[PDB]
Structures are given as structure tokens and as C-alpha cells.
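A.B. asks: Before anything else, here's the structure in question.
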Amino acid sequence: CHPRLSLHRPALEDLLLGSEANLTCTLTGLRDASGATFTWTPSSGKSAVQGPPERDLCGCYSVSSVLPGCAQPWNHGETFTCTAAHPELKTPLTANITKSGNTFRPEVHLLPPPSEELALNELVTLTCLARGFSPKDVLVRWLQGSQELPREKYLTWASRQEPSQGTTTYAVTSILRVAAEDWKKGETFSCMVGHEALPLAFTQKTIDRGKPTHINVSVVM
Amino acid sequence: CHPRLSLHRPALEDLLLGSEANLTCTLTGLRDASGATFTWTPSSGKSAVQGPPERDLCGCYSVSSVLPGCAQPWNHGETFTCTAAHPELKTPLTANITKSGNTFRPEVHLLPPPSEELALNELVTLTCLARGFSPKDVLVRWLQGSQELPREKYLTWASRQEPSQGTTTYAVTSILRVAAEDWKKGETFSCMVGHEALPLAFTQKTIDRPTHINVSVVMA
Amino acid sequence: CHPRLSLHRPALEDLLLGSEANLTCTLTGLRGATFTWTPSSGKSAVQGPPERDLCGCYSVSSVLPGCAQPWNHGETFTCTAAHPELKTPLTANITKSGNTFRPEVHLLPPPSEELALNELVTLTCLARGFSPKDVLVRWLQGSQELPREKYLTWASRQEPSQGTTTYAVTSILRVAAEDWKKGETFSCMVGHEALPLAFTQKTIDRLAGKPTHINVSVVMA
Ligand SMILES: *[C@@H]1O[C@H](CO)[C@@H](O)[C@H](O)[C@H]1NC(C)=O
């Protein structure tokens, strides 16, 4: 029962919303000495910060390695490297990370409300569904008109892997509940999806009251 | 480290299409290798369940104490207390379990496939929603025709506490990918929603595949 | 013959798409020179390798790169020059804009007089009422982003109100009639500094211009 080292990726919210990029390197498990020598093999000057004295169960002392400024080298195709050596673990070990290939673009649907509650006039559901993208990293946001709703007025599941033929694609869902007065009045809403395979980082679908046309023809003798 | 105590519940996956009766309360923290029944309260149907597990290490153990009597005391809110006294305990570790009610019922809707997804005719998508009640676990099976499918052609998420006003409620969804021409031949599909607020613990719903032209002729 | 100094805000196509965002100070003269930047930022600049303009004085530029987070953070930048023909050093400065406004985007359906000739249909995108005058416009078909050589966008003029100062811009895209009658969908995207998620999208297809009900009556009397 002892862990080995591996390397995470930058967060997609930070990488897409324009702010920054980090890169984390972790080992843990036992409350031992602060000779946790983290060393980064590529480093443009501003090297890492040996992070805060974090604790885990039965005093499992975790400290990490985090470096700022990792947008352009991660995005154009570098190959980063983290190595470490400990007082207890004086035998050094190394992990690698690489930005993935073999990408597919998502497909996003928004679906109208449920005739059963369309008659009830209490609350309506709008469900957003995305399907068929290559890494398991997405964003979902909802809007109304031009105003962004807060992140507490809906719920979203995690991205499961779908089982189908050959390759491994993913999917994720979310639902939104809104009262009926504005829905029958004519207010509109939107579902946005962020993913790193789209060329402009985002797509957006909107829905509103999809009905067919009426035709009345009458002959009077 | 820590010998612990934590609150558990009978796993309700075995009361709808299951015929057995166990309790679902494993070790609270730590013990040693034993024959999985430590003595509780009941002199009520002494038909005690058993089974010897192997030995475990790395801090904890893999040893429970399971005792029967599940669906027969399932009327009026009785407690069942997980007991285990193996010599790492500095006191007899009589745990406790409290069962609340206020069980609410699913509101299952279904809905057509998306409109612009049917200009390519590769596959067909249907989604099945199930929302709004106080307990946690729900099951689901998909069927084409009338007989229920195995667990190798659908996908189902977990259940989250939905953001609602006033109440404490949940939700769960699941999707289905079938072919185009089989949907085009008028085949029908249903999802079953099994919960313990339903009278018979099943629910179904299914639609399938419109102009509004009306002509009227009156005289004089 | 005459000396001059300038700065420039970073371009929006680099602030929004790929974050390597420059910041340019020019000097137009030398009819040899050193530049100084008051925020330190570690990484020094590069001088222009000094082309000429307007049949006269050969200008010289210098570009401080890697300033994408202090631009959005609200910081201030000044660059100070020096030259033999200058008595005093010249200085200038640049800040991010305050009191912004976000745009309103509309996508209009084609005129019905156009569908009777079976050649090409015309889509129109309009964005109106945004306070800093810089913007981007991109078109799509389904998910495929179209190349830039297939449409036409105008510049960003100033619109005549009395309240504040605001701006507007248009764009057209002409697609084929056979692809319009099949049910292909098309989209318009706008990027602005003052939008919260940096992009907004509107779409269209062969429905949604059709009327909701038709009443015909023929009277044989
Ligand atoms: C810097 O910019 C301000 C406006 O923000 C201007 O008033 C001033 O003249 C500039 N130059 C300085 C402080 O040298």
C-alpha cells in the first residue's frame, strides 16, 4: 500500500476563460521530512513553488509542485517532465505528460418540454445533452436572453464514457427548471458547452416555443 | 490512526427484483478475521445469515456482521444496531441506525429525438428522466418491444441533489442509442423506474412518431 | 524630420484566441535609440529589425511581449523613449477601458424576393451598442468554421444617439440554394471584450420565417 507519482493537466476553466495555467506534481502518504525535492526538467526561469503543508489521513503529509505560465507551451505541443527525490524515498522517479491527440467535436442538443407537465403549468424542464467528444473535459453554462444565470440554478452530472463501436467517446447532461409565466410569455434560454476541440472554444444552442403552421381553408356556397 | 463509527443503510437494490435478505453495514473502522455474525438485539426470526470472509490488512479489515430480517420488519420504523467486539476495541462498539420516512414518488417523463439529428439517419437518441424525491437510489432498465435488455447497451448516471425550493429532492437521467430504420418502422421503447413510493414499484411510458390542415364547407 | 511617439493596445484576435499578446511602442524619425518600460515584468523586449513610410522618415518599433494577464488585471503601462534628436525623453501610456457595454446580436432571415431565382440566399448579421470599438465576426456551417475568404464584414462606425457613444458593425454571407432547401443550419459569432464568456452565437435554418397560421376563404356567392 504505497502510491507512485503521476502528473495532472491544467484546469479547463482557467485554460478557456483566459486566466492562467498550472501544472501539479504530487506524492504523499507518511508524515516525513521536508526534503521533498521537486525538480522540473523544463523550466523557463520562474520554477515551481513547493506548496502548502497539506495533510491527509493518519497524518499523510502532502506537499506539491506547481508552476505558473503554462499556456503556450502546453498548447503548441511540448512534453513536460517532473522528477523528485525524498529523504525516505532517495530512489528518484519521473512521470511525463503530453497534450492529447485524436480529437472529436461534440454535438449539443436542447430539448423542449414532457407534455404531461406542459399541461400542469407548475414547472418545466429543459435538458441539455452533449455527446461524442474525445477527452473527458467539458464546461456547461446556462443563460437567459443575454444574462448569465448563476451556477446554483441547475445541476450537471459527470461525463461518463459511452459504450459503442471502436473508439472511446463521452457524454454528459444537465437540466434546468423555470416557472411557466415567462415560459409562455416568450422568454428564451440557452445552453453552452466548452470543449478544446472546437475552433472558437464554445458552442451555444437556444430554444423557444418549434410548433407547426396552421392552415384554414373554407369554401362557402 | 482511527477505529471509527459511521452511519449506513440497507442497500435497497435487493427488495424489488431481489429475493434475498441481508443488512448492509460493514466494519466500522477495524477488527480481525471472523465468521460474519456478531450478536444484535433480535429474538425475531433467528435465521441468521453467515459466510466467512478472508483476512485483510493495510489498516482496516474486510469483516462484517450481517444478520437477516429485511422486508418483514419493513413497516413502522425499527432500528438495527451494528455490533462488533474484536480486541482492537477499547469499548463495545454498539453503533446505531435511524430510519426516516417522507418518501416521495418519481415524475417520469420521456420525449422525442431531436429534430436536426434526423437528417443523417445513423442512430436515434432517447432520454429518460426521473426526478424529485427524498431517498437516493433508483434503478432503470431499457426495453425494445416488451422484454427488458441486458446491461450492455445503455448508460445511466448517478443521482444528484437537485436545486429546489422548499423541499429536499433529487434527479437521475439515462440515454439510449438505437438505429434509425427500426425507429422508422414504428418500434416502441420503454424505461422502467423502480422506486419504493410506487404501489407496485414499476413505471412505464412510451410514445412514437404532424400537420394541422382542416377544410370546411358550408352551404349558403 | 519630425519626431513622434505612440502606443497600441493588444489586438483582439490574440487576446481572445491564443494568448500571446504583444504591446507596441513606435517612433517615427532618424532623419541608435533606446526604450524603457516602467512595469518591470522580467522579460525584456526586442527592437524593430526599422522600415520606412510615407517617402520620408524611417520609423522604428519595439515590442514588449508577454503582457496578457496584467492587461486584463487593470494595470497601467508606460514606455519611455530616448534619441539624439530628442531634447527630453518622450513618454506616453495606455490603460484598459472603463465603463464598457456589451453588444446585441441579430441574425436576419433572407428576403422572400430572393428565393424565386434559385441562385444563392443571403444572411445578415448585425451587432449594435458596444462601447470599445473592437470586435470579431466569424461564420459557420453546422460545425465547420468557414474560411475568411467567403464573406464580407464592414468596419465599426459610431451610431447617432444622445445618451453615450456606441458603435455598430454588419456582415453578409451568401450560401447556395440547394444547401438551403435541404435544412442545413448556419451560425454567426461575435467576440467582444465586454462579454462575460467572450463569444455569443445565433443560428438559422429554412424554418422560423414561415408564418404561424394561414386563413384562406373562397366565397362562391
Ligand atoms: C497617463 O495617462 C493619464 C490618463 O490615464 C494622463 O492623464 C497622463 O497625462 C498620462 N501620463 C503621465 C502620468 O505621465
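With ideal geometry, Cβ positions are generated from the backbone for all residues, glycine too; neighbour counts draw on all protein chains shown. Here, each number is a calculation from the coordinates, and none is a lab measurement.
A.B. asks: Under the definition of Cα pairs under 8 Å and six or more residues apart, what whole-number percent is the relative contact order of region B:59-163?
C.D. replies: Reported relative contact order: 17 percent.
A.B. asks: Which of the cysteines in chain C are isolated, no other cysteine C-beta under 4.7 Å?
C.D. replies: C:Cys1, C:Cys55, C:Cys57, C:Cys67
A.B. asks: Below 8 Å between Cα atoms, with a sequence gap of 6+, how large is the relative contact order for region B:88-144 in percent? Please list the in-between numbers first.
C.D. replies: Details: 38 pairs, mean separation 21.3, N = 57.
The value is 37 percent.
A.B. asks: Where Rh is the Kirkwood radius over the Cα pairs of region B:99-220, the temperature 20 °C and the viscosity 1.002 mPa s, what D in µm²/s does Stokes-Einstein return?
C.D. replies: It comes out at roughly 127 µm²/s.
A.B. asks: If you don't mind, another one. Each label point is 7 Å from the Cα along the Cα-to-Cβ direction; what then is the distance between the points at B:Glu148 and A:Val63, in nm?
C.D. replies: Result for the modelled spin labels: 5.5 nm.
A.B. asks: Turning to a different aspect of this structure: Give, as ranges by residue number, the residues of region B:23-52 whose backbone N falls under 14 Å from the point 7 Å along Cα→Cβ of B:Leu89.
C.D. replies: Once the point is set 7 Å along Cα→Cβ of B:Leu89, B:26-41 turn out to lie under 14 Å by backbone N, inside region B:23-52.
A.B. asks: With N residues in region C:1-95, what two-decimal value do you get for its Cα radius of gyration over 2.2 N^0.38 Å? Can you show the working numbers first?
C.D. replies: On the way: Rg = 13.9 Å, N = 95, 2.2 N^0.38 = 12.4 Å.
Working it through for region C:1-95, the quotient is 1.12.
A.B. asks: Given the -39500 (n - 2.57) contribution per DSSP H run of 4+ residues, what per-residue ellipticity at 222 nm results for the protein assembly as shown, rounded to the nearest 500 deg cm²/dmol?
C.D. replies: -1000 deg cm²/dmol
A.B. asks: What is the distance in Å between the Cα centroid of region A:116-158 and that of region A:56-78?
C.D. replies: So the two Cα centres are separated by 31 Å.
A.B. asks: Could you list B:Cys25, C:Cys55, B:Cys1 in order of exposure, starting from the residue whose Cβ has the fewest other Cβ atoms within 10 Å?
C.D. replies: Neighbour counts put them in this order, fewest first: C:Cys55, B:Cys1, B:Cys25.
A.B. asks: Could you tell me the relative contact order of region A:1-98? Use alpha-carbon pairs under 8 Å, at least six residues apart, and round to a whole percent.
C.D. replies: Reported as a whole number, the value is 32 percent.
A.B. asks: Also, I was wondering about something else. Can you list the residues, at least 5 places off or on another chain, whose amide H is less than 5 Å from the amide H of C:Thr124, using H built in the peptide plane?
C.D. replies: Amide H to amide H, under 5 Å and 5 or more residues apart or across chains, C:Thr124 pairs with C:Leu108.
A.B. asks: Given C-alpha coordinates of the protein assembly as shown, what is the ratio Rg to Rh with the Kirkwood estimate of Rh?
C.D. replies: 1.05
A.B. asks: Next question. Where does each of A:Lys90, C:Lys96 land when they are ranked from fewest to most other beta-carbon atoms within 10 angstrom?
C.D. replies: Fewest-to-most Cβ neighbours within 10 Å comes out as A:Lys90, C:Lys96.
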